[PDB]
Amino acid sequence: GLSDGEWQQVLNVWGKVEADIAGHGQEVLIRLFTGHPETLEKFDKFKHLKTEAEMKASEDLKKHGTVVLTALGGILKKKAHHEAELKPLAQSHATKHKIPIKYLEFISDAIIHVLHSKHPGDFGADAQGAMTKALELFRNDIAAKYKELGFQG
């Protein structure tokens, strides 16, 4: 992962990206397509763009740059928000409480049991399967943080 300061630095420069997203996106795609022309071959709708000049003149290349950098920014922000939720929990459960993954399994099963007991009319088989999967992701994600922190869970 990234430190808090590092994520701050990523978000600060990304603010500069957002002040001119289309210009940035245009420049990123042109750099990509000039450096690695095979990548431009992936875009059938840019088949008419061959030269740098034509790439710079393209309305739709610029528009696509915006699409790309808007999507990337959102994913980077959402990753950071998730990492920040995991962080304090992994910290303490790895380095202080030392909670094995098998105990996280036991609490996950408890949660499913309680949900079924308290909401049998609204926590059917499908919804139960959804929660079972979400809790497995949660445990896997903590297990990956445990490893980063040096703890074998």
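Each residue number is its position in the shown sequence, starting from 1.
For the pair 103 to 111 and 47 to 55, the mean B factor over Cα atoms is greater in 47 to 55. Between 56 to 64 and 115 to 123, it is 115 to 123 that carries the larger average Cα temperature factor according to the deposited entry. Per the deposited record, the Cα B-factor of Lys133 falls in the middle third when ranked against the other modelled residues of its chain.
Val17: CA B factor lies in the highest third for its chain, per the PDB record.
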